[PDB]
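Listing of final23.cif, mmCIF, C-alpha atoms and all ligand atoms
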data_start
#
loop_
_atom_site.label_atom_id
_atom_site.label_comp_id
_atom_site.auth_asym_id
_atom_site.auth_seq_id
_atom_site.Cartn_x
_atom_site.Cartn_y
_atom_site.Cartn_z
CA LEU A 725 123.12 84.06 89.98
CA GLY A 726 121.06 84.97 93.00
CA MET A 727 117.32 84.74 92.33
CA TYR A 728 116.38 88.15 93.73
CA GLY A 729 119.32 90.24 92.57
CA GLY A 730 121.18 90.97 89.36
CA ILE A 731 120.25 92.03 85.85
CA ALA A 732 117.46 89.48 85.41
CA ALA A 733 116.10 89.80 88.96
CA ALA A 734 112.87 88.21 90.14
CA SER A 735 110.26 90.19 92.03
CA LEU A 736 109.86 89.48 95.72
CA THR A 737 106.58 91.35 96.07
CA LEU A 738 104.60 90.56 92.95
CA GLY A 739 102.49 87.66 94.19
CA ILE A 740 101.31 89.02 97.52
CA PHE A 741 101.43 92.79 96.90
CA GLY A 742 100.09 92.30 93.37
CA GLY A 743 100.62 94.21 90.16
CA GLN A 744 99.12 97.53 91.34
CA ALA A 745 101.51 98.77 94.00
CA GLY A 746 100.79 100.78 97.11
CA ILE A 747 100.52 98.40 100.05
CA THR A 748 103.15 99.81 102.38
CA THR A 749 104.18 96.88 104.60
CA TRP A 750 104.31 93.10 104.74
CA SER A 751 101.99 93.15 107.76
CA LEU A 752 99.32 94.93 105.72
CA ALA A 753 99.88 92.59 102.80
CA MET A 754 99.61 89.46 104.95
CA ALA A 755 96.47 90.76 106.68
CA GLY A 756 94.79 91.14 103.30
CA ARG A 757 95.94 87.65 102.34
CA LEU A 758 94.47 86.13 105.51
CA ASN A 759 91.23 88.00 104.80
CA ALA A 760 91.03 86.61 101.26
CA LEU A 761 91.67 83.08 102.51
CA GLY A 762 88.70 83.37 104.85
CA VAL A 763 90.46 82.69 108.15
CA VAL A 764 90.30 86.18 109.76
CA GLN A 765 87.90 88.96 108.80
CA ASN A 766 90.11 91.85 109.99
CA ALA A 767 93.57 90.81 111.12
CA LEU A 768 94.92 92.34 114.30
CA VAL A 769 98.56 92.64 115.29
CA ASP A 770 98.51 89.34 117.19
CA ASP A 771 97.10 87.52 114.13
CA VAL A 772 99.87 88.85 111.88
CA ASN A 773 102.65 88.31 114.45
CA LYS A 774 101.54 84.70 114.88
CA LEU A 775 101.94 84.31 111.11
CA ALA A 776 105.33 86.06 111.22
CA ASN A 777 106.66 83.74 113.92
CA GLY A 778 105.53 80.62 112.08
CA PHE A 779 107.16 81.89 108.90
CA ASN A 780 110.47 82.61 110.64
CA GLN A 781 110.67 79.28 112.45
CA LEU A 782 110.04 77.31 109.24
CA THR A 783 112.56 79.38 107.26
CA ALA A 784 115.18 78.83 109.96
CA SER A 785 114.48 75.08 109.78
CA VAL A 786 115.73 74.96 106.19
CA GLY A 787 119.28 75.29 107.52
CA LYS A 788 118.91 72.01 109.40
CA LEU A 789 117.74 69.85 106.49
CA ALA A 790 119.78 66.68 106.24
CA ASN B 922 94.76 71.35 113.09
CA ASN B 923 91.70 71.07 115.39
CA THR B 924 88.12 71.01 114.18
CA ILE B 925 84.71 71.68 115.68
CA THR B 926 81.31 70.51 114.43
CA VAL B 927 78.62 73.19 114.42
CA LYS B 928 75.19 73.75 112.91
CA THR B 929 74.99 75.89 109.77
CA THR B 930 72.28 77.26 107.46
CA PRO B 931 72.15 79.28 104.22
CA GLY B 932 70.06 82.07 105.72
CA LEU B 933 67.73 83.14 108.50
CA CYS B 934 64.18 84.39 108.12
CA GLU B 935 61.80 85.82 110.70
CA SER B 936 58.58 84.04 109.81
CA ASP B 937 57.23 81.25 107.62
CA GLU B 938 55.29 83.57 105.31
CA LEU B 939 56.65 84.43 101.87
CA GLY B 940 57.71 88.05 102.00
CA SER B 941 59.40 87.85 105.40
CA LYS B 942 62.55 89.74 106.29
CA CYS B 943 65.52 87.45 105.71
CA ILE B 944 69.26 87.78 106.23
CA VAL B 945 72.32 85.91 104.99
CA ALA B 946 75.84 86.20 106.33
CA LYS B 947 78.07 88.89 104.85
CA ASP B 948 81.47 87.45 103.78
CA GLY B 949 81.11 84.63 106.29
CA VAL B 950 78.90 81.80 107.47
CA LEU B 951 75.99 81.48 109.88
CA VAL B 952 77.00 79.04 112.62
CA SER B 953 75.54 77.75 115.90
CA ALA B 954 77.47 75.59 118.37
CA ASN B 955 74.31 73.86 119.65
CA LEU B 956 73.17 77.19 121.07
CA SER B 957 69.75 78.80 121.05
CA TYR B 958 70.90 81.65 118.79
CA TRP B 959 72.96 82.17 115.64
CA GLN B 960 76.40 83.71 115.13
CA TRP B 961 78.83 84.72 112.39
CA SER B 962 82.18 83.10 111.59
CA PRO B 963 84.78 83.35 108.81
CA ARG B 964 84.22 80.69 106.18
CA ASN B 965 87.48 78.79 106.90
CA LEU B 966 87.88 79.28 110.67
CA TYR B 967 85.51 79.06 113.63
CA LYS B 968 85.68 82.44 115.38
CA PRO B 969 82.16 83.32 116.44
CA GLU B 970 80.58 86.70 117.03
CA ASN B 971 77.00 87.88 117.46
CA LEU B 972 74.95 89.04 114.48
CA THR B 973 75.07 92.76 113.79
CA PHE B 974 74.22 95.31 111.17
CA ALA B 975 77.28 95.41 108.85
CA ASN B 976 77.64 91.70 109.50
CA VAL B 977 74.61 90.38 107.59
CA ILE B 978 72.85 91.27 104.33
CA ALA B 979 69.09 91.74 103.98
CA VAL B 980 67.85 89.50 101.17
CA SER B 981 64.64 87.83 100.09
CA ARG B 982 63.72 84.30 101.13
CA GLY B 983 65.72 81.59 99.40
CA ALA B 984 65.32 77.84 99.53
CA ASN B 985 65.54 76.01 102.89
CA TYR B 986 66.31 78.96 105.15
CA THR B 987 65.92 78.49 108.91
CA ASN C 922 101.84 101.32 79.03
CA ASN C 923 101.54 104.45 81.22
CA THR C 924 100.50 104.42 84.85
CA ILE C 925 99.11 106.94 87.32
CA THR C 926 99.17 106.79 91.12
CA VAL C 927 95.88 107.69 92.79
CA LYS C 928 94.25 107.34 96.20
CA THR C 929 91.79 104.47 96.68
CA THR C 930 89.50 103.17 99.42
CA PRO C 931 87.16 100.18 99.91
CA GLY C 932 84.10 102.32 100.55
CA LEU C 933 82.77 105.71 101.55
CA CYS C 934 80.56 106.50 104.53
CA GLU C 935 78.85 109.73 105.52
CA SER C 936 79.58 109.85 109.24
CA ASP C 937 81.64 108.13 111.92
CA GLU C 938 78.64 106.60 113.69
CA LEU C 939 77.79 102.93 113.21
CA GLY C 940 74.62 102.81 111.15
CA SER C 941 75.66 105.51 108.68
CA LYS C 942 74.80 105.40 104.99
CA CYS C 943 77.73 103.87 103.13
CA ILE C 944 78.48 103.20 99.47
CA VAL C 945 80.95 101.01 97.59
CA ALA C 946 81.77 101.19 93.91
CA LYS C 947 79.64 99.15 91.53
CA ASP C 948 81.81 97.03 89.17
CA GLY C 949 84.69 99.46 89.58
CA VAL C 950 86.93 101.21 92.07
CA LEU C 951 86.73 104.40 94.11
CA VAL C 952 89.65 106.63 93.09
CA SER C 953 90.85 110.16 93.84
CA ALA C 954 93.72 111.85 91.98
CA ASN C 955 94.67 114.01 94.99
CA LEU C 956 91.34 115.80 94.64
CA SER C 957 88.88 116.89 97.29
CA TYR C 958 86.20 114.46 96.08
CA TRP C 959 85.90 110.83 94.97
CA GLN C 960 85.30 109.30 91.55
CA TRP C 961 84.68 105.96 89.84
CA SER C 962 87.04 104.12 87.49
CA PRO C 963 87.19 100.67 85.87
CA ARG C 964 89.29 98.28 87.93
CA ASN C 965 92.06 97.90 85.30
CA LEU C 966 92.12 101.36 83.69
CA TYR C 967 92.03 104.92 85.04
CA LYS C 968 89.05 106.60 83.39
CA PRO C 969 87.37 108.73 86.03
CA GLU C 970 83.78 109.87 86.31
CA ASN C 971 81.74 111.43 89.10
CA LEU C 972 79.74 109.28 91.50
CA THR C 973 76.14 108.68 90.51
CA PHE C 974 73.17 106.51 91.31
CA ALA C 975 73.64 103.35 89.18
CA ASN C 976 77.36 103.77 89.74
CA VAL C 977 77.59 102.87 93.45
CA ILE C 978 75.89 100.35 95.74
CA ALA C 979 74.39 101.20 99.13
CA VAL C 980 75.88 98.87 101.74
CA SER C 981 76.49 98.81 105.47
CA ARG C 982 79.73 100.00 107.02
CA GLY C 983 82.67 97.67 106.50
CA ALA C 984 86.16 97.83 107.92
CA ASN C 985 88.36 100.91 107.27
CA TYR C 986 85.99 102.89 105.04
CA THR C 987 86.77 106.56 104.43
CA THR C 988 84.56 109.00 106.36
CA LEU C 989 83.44 112.11 104.48
CA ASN C 990 81.51 114.03 107.20
CA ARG C 991 79.63 115.43 104.23
CA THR C 992 76.35 113.56 103.31
CA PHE C 993 77.12 112.86 99.63
CA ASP C 994 74.58 113.92 97.00
CA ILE C 995 73.31 111.29 94.57
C1 LIG D 1 75.69 87.23 122.18
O1 LIG D 1 74.27 87.01 122.12
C2 LIG D 1 73.73 86.17 123.16
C3 LIG D 1 72.28 85.95 122.81
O2 LIG D 1 71.48 87.07 123.15
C4 LIG D 1 73.97 86.83 124.52
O3 LIG D 1 73.52 86.02 125.61
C5 LIG D 1 72.33 86.52 126.33
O4 LIG D 1 72.52 87.78 126.99
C6 LIG D 1 71.29 88.30 127.52
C7 LIG D 1 71.60 89.67 128.09
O5 LIG D 1 72.76 89.64 128.91
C8 LIG D 1 70.66 87.35 128.55
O6 LIG D 1 69.31 87.75 128.72
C9 LIG D 1 68.83 88.19 130.04
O7 LIG D 1 69.82 88.85 130.84
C10 LIG D 1 69.15 89.63 131.84
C11 LIG D 1 70.10 90.65 132.43
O8 LIG D 1 69.31 91.68 133.01
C12 LIG D 1 68.53 88.66 132.89
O9 LIG D 1 67.70 89.40 133.77
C13 LIG D 1 67.68 87.52 132.22
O10 LIG D 1 67.50 86.47 133.16
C14 LIG D 1 68.25 86.98 130.89
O11 LIG D 1 69.24 86.03 131.23
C15 LIG D 1 70.62 85.89 128.07
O12 LIG D 1 70.37 85.02 129.17
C16 LIG D 1 71.92 85.47 127.38
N1 LIG D 1 71.84 84.12 126.84
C17 LIG D 1 71.01 83.67 125.88
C18 LIG D 1 71.13 82.22 125.55
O13 LIG D 1 70.21 84.40 125.29
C19 LIG D 1 75.47 87.05 124.69
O14 LIG D 1 75.73 87.71 125.91
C20 LIG D 1 76.06 87.86 123.53
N2 LIG D 1 77.50 87.95 123.65
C21 LIG D 1 78.22 89.08 123.56
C22 LIG D 1 77.44 90.34 123.31
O15 LIG D 1 79.44 89.08 123.68
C1 LIG D 2 82.54 116.31 89.10
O1 LIG D 2 82.37 116.69 90.47
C2 LIG D 2 83.14 117.83 90.90
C3 LIG D 2 82.92 117.94 92.39
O2 LIG D 2 81.67 118.55 92.69
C4 LIG D 2 82.73 119.06 90.09
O3 LIG D 2 83.50 120.21 90.42
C5 LIG D 2 82.78 121.29 91.14
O4 LIG D 2 81.70 121.87 90.41
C6 LIG D 2 80.94 122.78 91.22
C7 LIG D 2 79.78 123.26 90.37
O5 LIG D 2 80.21 123.67 89.08
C8 LIG D 2 81.80 123.94 91.77
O6 LIG D 2 81.07 124.53 92.84
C9 LIG D 2 80.66 125.94 92.76
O7 LIG D 2 80.39 126.41 91.43
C10 LIG D 2 79.58 127.59 91.52
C11 LIG D 2 78.93 127.87 90.19
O8 LIG D 2 77.80 128.70 90.43
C12 LIG D 2 80.45 128.76 92.06
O9 LIG D 2 79.62 129.87 92.34
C13 LIG D 2 81.24 128.36 93.36
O10 LIG D 2 82.31 129.28 93.55
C14 LIG D 2 81.76 126.90 93.38
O11 LIG D 2 82.98 126.89 92.66
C15 LIG D 2 83.12 123.46 92.37
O12 LIG D 2 84.01 124.56 92.53
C16 LIG D 2 83.79 122.38 91.51
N1 LIG D 2 85.01 121.87 92.14
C17 LIG D 2 85.10 121.20 93.31
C18 LIG D 2 86.49 120.81 93.72
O13 LIG D 2 84.12 120.91 94.00
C19 LIG D 2 82.94 118.75 88.61
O14 LIG D 2 82.51 119.85 87.82
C20 LIG D 2 82.19 117.48 88.18
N2 LIG D 2 82.51 117.15 86.80
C21 LIG D 2 81.61 116.87 85.85
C22 LIG D 2 80.17 116.91 86.26
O15 LIG D 2 81.95 116.60 84.70
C1 LIG D 3 114.25 87.54 112.64
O1 LIG D 3 114.99 88.74 112.51
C2 LIG D 3 115.21 89.44 113.74
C3 LIG D 3 115.89 90.74 113.38
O2 LIG D 3 115.33 91.83 114.10
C4 LIG D 3 116.04 88.56 114.67
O3 LIG D 3 116.10 89.22 115.93
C5 LIG D 3 117.44 89.40 116.41
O4 LIG D 3 118.25 88.24 116.18
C6 LIG D 3 119.61 88.38 116.62
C7 LIG D 3 120.32 87.12 116.21
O5 LIG D 3 120.19 86.11 117.19
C8 LIG D 3 119.63 88.61 118.13
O6 LIG D 3 120.98 88.82 118.54
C9 LIG D 3 118.78 89.82 118.50
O7 LIG D 3 118.68 89.91 119.92
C10 LIG D 3 117.37 89.70 117.91
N1 LIG D 3 116.60 90.91 118.17
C11 LIG D 3 115.27 90.94 118.27
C12 LIG D 3 114.65 92.28 118.52
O8 LIG D 3 114.59 89.92 118.13
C13 LIG D 3 115.36 87.20 114.86
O9 LIG D 3 116.21 86.34 115.61
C14 LIG D 3 115.03 86.55 113.52
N2 LIG D 3 114.29 85.31 113.73
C15 LIG D 3 114.64 84.14 113.18
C16 LIG D 3 113.79 82.97 113.54
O10 LIG D 3 115.60 84.04 112.43
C1 LIG D 4 76.79 69.77 118.87
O1 LIG D 4 75.92 68.76 118.37
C2 LIG D 4 76.52 67.76 117.51
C3 LIG D 4 75.44 66.73 117.27
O2 LIG D 4 74.80 66.38 118.49
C4 LIG D 4 77.80 67.15 118.12
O3 LIG D 4 78.44 66.29 117.19
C5 LIG D 4 78.50 64.92 117.68
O4 LIG D 4 79.71 64.67 118.44
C6 LIG D 4 79.83 63.33 118.95
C7 LIG D 4 81.12 63.29 119.74
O5 LIG D 4 82.11 64.12 119.15
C8 LIG D 4 79.80 62.32 117.80
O6 LIG D 4 79.85 61.00 118.32
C9 LIG D 4 78.52 62.52 116.99
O7 LIG D 4 78.49 61.61 115.89
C10 LIG D 4 78.43 63.96 116.50
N1 LIG D 4 77.22 64.16 115.72
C11 LIG D 4 77.23 64.47 114.42
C12 LIG D 4 75.90 64.63 113.77
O8 LIG D 4 78.28 64.60 113.80
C13 LIG D 4 78.75 68.24 118.62
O9 LIG D 4 79.88 67.66 119.26
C14 LIG D 4 77.97 69.12 119.58
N2 LIG D 4 78.79 69.90 120.52
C15 LIG D 4 79.55 71.02 120.42
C16 LIG D 4 79.68 71.70 119.10
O10 LIG D 4 80.13 71.46 121.40
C1 LIG D 5 99.16 112.40 94.14
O1 LIG D 5 99.84 112.17 95.38
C2 LIG D 5 100.86 111.15 95.38
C3 LIG D 5 101.52 111.24 96.73
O2 LIG D 5 101.83 112.58 97.06
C4 LIG D 5 101.86 111.31 94.21
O3 LIG D 5 102.75 110.20 94.15
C5 LIG D 5 104.13 110.62 94.35
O4 LIG D 5 104.78 110.95 93.11
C6 LIG D 5 106.15 111.37 93.23
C7 LIG D 5 106.62 111.71 91.84
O5 LIG D 5 106.03 110.86 90.87
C8 LIG D 5 106.97 110.27 93.90
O6 LIG D 5 108.31 110.71 94.08
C9 LIG D 5 106.35 109.90 95.24
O7 LIG D 5 107.08 108.85 95.85
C10 LIG D 5 104.90 109.49 95.04
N1 LIG D 5 104.29 109.14 96.32
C11 LIG D 5 103.85 107.91 96.60
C12 LIG D 5 103.26 107.71 97.95
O8 LIG D 5 103.94 107.00 95.79
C13 LIG D 5 101.13 111.51 92.89
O9 LIG D 5 102.06 111.75 91.84
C14 LIG D 5 100.19 112.69 93.06
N2 LIG D 5 99.77 113.34 91.81
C15 LIG D 5 98.89 113.04 90.82
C16 LIG D 5 98.12 111.76 90.90
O10 LIG D 5 98.73 113.80 89.88
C1 LIG D 6 97.75 71.50 117.00
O1 LIG D 6 96.88 70.64 117.76
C2 LIG D 6 97.55 69.84 118.74
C3 LIG D 6 96.50 68.97 119.38
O2 LIG D 6 96.52 67.65 118.84
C4 LIG D 6 98.26 70.75 119.75
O3 LIG D 6 98.99 69.95 120.68
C5 LIG D 6 99.20 71.70 119.03
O4 LIG D 6 99.77 72.60 119.97
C6 LIG D 6 98.45 72.47 117.94
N1 LIG D 6 99.36 73.34 117.20
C7 LIG D 6 99.66 74.58 117.59
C8 LIG D 6 100.61 75.33 116.70
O5 LIG D 6 99.20 75.07 118.61
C1 LIG D 7 64.20 71.84 101.97
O1 LIG D 7 62.93 72.33 101.48
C2 LIG D 7 62.11 71.35 100.82
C3 LIG D 7 60.88 72.07 100.33
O2 LIG D 7 61.22 73.08 99.40
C4 LIG D 7 61.79 70.22 101.80
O3 LIG D 7 60.99 69.23 101.17
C5 LIG D 7 63.09 69.61 102.29
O4 LIG D 7 62.82 68.56 103.21
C6 LIG D 7 63.97 70.67 102.94
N1 LIG D 7 65.22 70.10 103.39
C7 LIG D 7 65.39 69.63 104.64
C8 LIG D 7 66.74 69.05 104.94
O5 LIG D 7 64.50 69.66 105.47
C1 LIG D 8 102.94 104.09 75.11
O1 LIG D 8 103.62 105.06 75.93
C2 LIG D 8 104.67 105.77 75.26
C3 LIG D 8 105.30 106.68 76.29
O2 LIG D 8 106.50 106.13 76.81
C4 LIG D 8 104.11 106.53 74.06
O3 LIG D 8 105.17 107.16 73.35
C5 LIG D 8 103.37 105.57 73.14
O4 LIG D 8 102.77 106.30 72.08
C6 LIG D 8 102.31 104.79 73.91
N1 LIG D 8 101.64 103.82 73.05
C7 LIG D 8 100.58 104.12 72.30
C8 LIG D 8 100.01 103.01 71.48
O5 LIG D 8 100.10 105.25 72.28
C1 LIG D 9 91.88 100.36 109.97
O1 LIG D 9 91.01 100.30 111.13
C2 LIG D 9 91.66 99.91 112.36
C3 LIG D 9 90.58 99.85 113.41
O2 LIG D 9 89.60 98.88 113.07
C4 LIG D 9 92.76 100.91 112.68
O3 LIG D 9 93.42 100.54 113.89
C5 LIG D 9 93.75 100.95 111.53
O4 LIG D 9 94.78 101.89 111.82
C6 LIG D 9 93.04 101.32 110.24
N1 LIG D 9 93.98 101.35 109.13
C7 LIG D 9 94.62 102.46 108.74
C8 LIG D 9 95.56 102.31 107.60
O5 LIG D 9 94.44 103.54 109.31
#
Starting from the file, give its structure as C-alpha cells.
Ligand SMILES: *[C@@H]1O[C@H](CO)[C@@H](O[C@@H]2O[C@H](CO)[C@@H](O[C@@H]3O[C@H](CO)[C@@H](O)[C@H](O)[C@@H]3O)[C@H](O)[C@H]2NC(C)=O)[C@H](O)[C@H]1NC(C)=O
Ligand SMILES: *[C@@H]1O[C@H](CO)[C@@H](O[C@@H]2O[C@H](CO)[C@@H](O[C@@H]3O[C@H](CO)[C@@H](O)[C@H](O)[C@@H]3O)[C@H](O)[C@H]2NC(C)=O)[C@H](O)[C@H]1NC(C)=O
Ligand SMILES: *[C@@H]1O[C@H](CO)[C@@H](O[C@@H]2O[C@H](CO)[C@@H](O)[C@H](O)[C@H]2NC(C)=O)[C@H](O)[C@H]1NC(C)=O
Ligand SMILES: *[C@@H]1O[C@H](CO)[C@@H](O[C@@H]2O[C@H](CO)[C@@H](O)[C@H](O)[C@H]2NC(C)=O)[C@H](O)[C@H]1NC(C)=O
Ligand SMILES: *[C@@H]1O[C@H](CO)[C@@H](O[C@@H]2O[C@H](CO)[C@@H](O)[C@H](O)[C@H]2NC(C)=O)[C@H](O)[C@H]1NC(C)=O
Ligand SMILES: *[C@@H]1O[C@H](CO)[C@@H](O)[C@H](O)[C@H]1NC(C)=O
Ligand SMILES: *[C@@H]1O[C@H](CO)[C@@H](O)[C@H](O)[C@H]1NC(C)=O
Ligand SMILES: *[C@@H]1O[C@H](CO)[C@@H](O)[C@H](O)[C@H]1NC(C)=O
Ligand SMILES: *[C@@H]1O[C@H](CO)[C@@H](O)[C@H](O)[C@H]1NC(C)=O
Amino acid sequence: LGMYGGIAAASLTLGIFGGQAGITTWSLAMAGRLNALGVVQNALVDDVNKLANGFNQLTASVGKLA
Amino acid sequence: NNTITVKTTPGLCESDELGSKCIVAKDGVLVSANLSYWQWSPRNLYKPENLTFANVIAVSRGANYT
Amino acid sequence: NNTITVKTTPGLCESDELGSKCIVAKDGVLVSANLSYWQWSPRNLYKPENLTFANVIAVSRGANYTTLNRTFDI
C-alpha cells in the first residue's frame, strides 16, 4: 500500500489544516502554524517561502541517505 | 541557531503610584536590547518593533512591573 | 454527525482607520451563514445567536479583521 492513497488512505491535511476545513492553501496554513509557534506574528511571503525552501531541500535529501 | 541576550519585563507602568496606567505585551514579549526604550517581539524569535496601540494591552499594575 | 459551512473571521471592526472600535467573540466564534450580518456560536457546534454585550470583547485592531463600515449596535 501507499500511505496516502487507496481504500484505507491517510489524510495529508488533517494535522496542519485541522478538523474544520476551509484554509485554502499550504502557504496560509503554514503562516498560521508559524504564528501559533510564536516565531512570526503575521507571516509575509518571504517568511513562508523561506520555510518552503527549507522543506524542499530536506525532503530532497532523503534520496541521498546511505 | 543564533541567540541574542536582551532585557525583558512582565509589564510597563507610567508611575510608581498604585492606580497608574500599565501595559503588557499583546501576544508577544516586552524586550529592550540595552536601549533607552522598550519594544515588542514574538515570544520565540527576536524581531523588534516599537510599541503601538493594537500591540499592547492596558491592564492594572501587577507585581514587579518596570 | 452533520456539518454546515459558514463564513468566519478573527474579529470585527467598525472602520478601516487604525484606532477603530473592534470586537472579538467571547468564548466562541464569529460566524455568518451567508447572511448580511454576523453572529456568535460555540467553537465546536453551530448554534447561532445575535451579537450582544456580554457576548463579545472590545479589543484593538488585530491582523485581517473584517471591516463593517457600519458602527455596530450593542
Ligand atoms: C522607534 O522608537 C524610537 C524611540 O522613540 C525611535 O528613535 C527616536 O526617534 C526620535 C524621532 O526621530 C528621535 O528624537 C528626536 O529627533 C528629532 C528630529 O527632529 C531631533 O531634533 C532630536 O535631536 C531627537 O533626536 C530620537 O533621538 C530617537 N532615539 C531615541 C533613543 O529616542 C525610533 O526612530 C523608532 N523606530 C521606528 C519608528 O522605526
Ligand atoms: C438578529 O439580527 C438580525 C439582524 O438585525 C435581525 O434581522 C433584522 O430585524 C430587523 C428588525 O426586525 C429588520 O429591520 C427592519 O424591520 C422593520 C420593522 O419595523 C421594517 O420596517 C424594515 O423593512 C426592516 O426590515 C431586518 O429586516 C432584519 N433582517 C436583516 C437582514 O437585517 C434578526 O431579527 C435578529 N434575530 C433575533 C433578535 O432573534
Ligand atoms: C519543487 O517543485 C518544483 C515544481 O514546480 C520544482 O521546480 C521545477 O523542477 C524541475 C525539475 O528540475 C525543473 O526542470 C524546473 O525548471 C523547475 N521549475 C521551477 C519553476 O522551479 C523544484 O525543482 C522542486 N524542488 C525540489 C527541491 O525538489
Ligand atoms: C546588553 O547587555 C547585556 C549585559 O550587559 C549583555 O550580555 C553580556 O554579554 C557579554 C558578552 O556576550 C557576557 O560576557 C556577559 O556575561 C553578558 N551579561 C549577562 C548578564 O548575560 C549583552 O550582550 C548586551 N548587548 C546587546 C544585546 O547588544
Ligand atoms: C454559503 O456559501 C458557501 C460558499 O458559496 C456554500 O458552500 C458551498 O456549498 C456547495 C454545495 O454544498 C459546494 O459545492 C461548494 O464547494 C461550497 N463552497 C465552498 C467554498 O466550500 C454554503 O453551502 C453556503 N450556504 C449555506 C451555509 O447555507
Ligand atoms: C546558522 O548560524 C551559522 C552561524 O554559526 C550561520 O553560518 C548559518 O548560515 C546559519 N544558518 C542559516 C540557515 O542561515
Ligand atoms: C519585586 O518586588 C518586590 C516587592 O514586591 C521586591 O522586594 C523585589 O526586590 C522585586 N524584584 C526585583 C528583582 O527587584
Ligand atoms: C445523524 O445524522 C443522520 C443523517 O445522516 C440522521 O439520520 C441521524 O438521525 C443523526 N443522529 C441523531 C442522533 O439524530
Ligand atoms: C490579510 O492582510 C494582509 C495585509 O496585512 C493582506 O495582504 C492579505 O491579503 C489579507 N488576507 C486576505 C485573505 O485577504
Taking only C-alpha atoms into account, which residues of chain C are within 12 Å of chain B, as a ChimeraX atom specification? /C:939-943,979-984
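For the pair atom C1 of ligand LIG 6 (chain D) and CA of residue 922 in chain B, the separation is 4.9 Å.
In this structure, atom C2 of ligand LIG 7 (chain D) sits 17.5 Å away from CA of residue 935 in chain B.
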Mind listing the residues within 7 Å of ligand LIG 1 (chain D), all atoms listed in the file counted, as a tab-separated table (two decimals) with C-alpha atoms, in the coordinates of the input?
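Output saved as out-v2.tsv:
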chain	number	residue	atom	x	y	z
B	957	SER	CA	69.75	78.80	121.05
B	958	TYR	CA	70.90	81.65	118.79
B	971	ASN	CA	77.00	87.88	117.46
Considering all atoms listed in the file, extract the chain B residues located within 6 Å of chain A and return them as a list in words. residues 963, 964, 965 and 966 of chain B
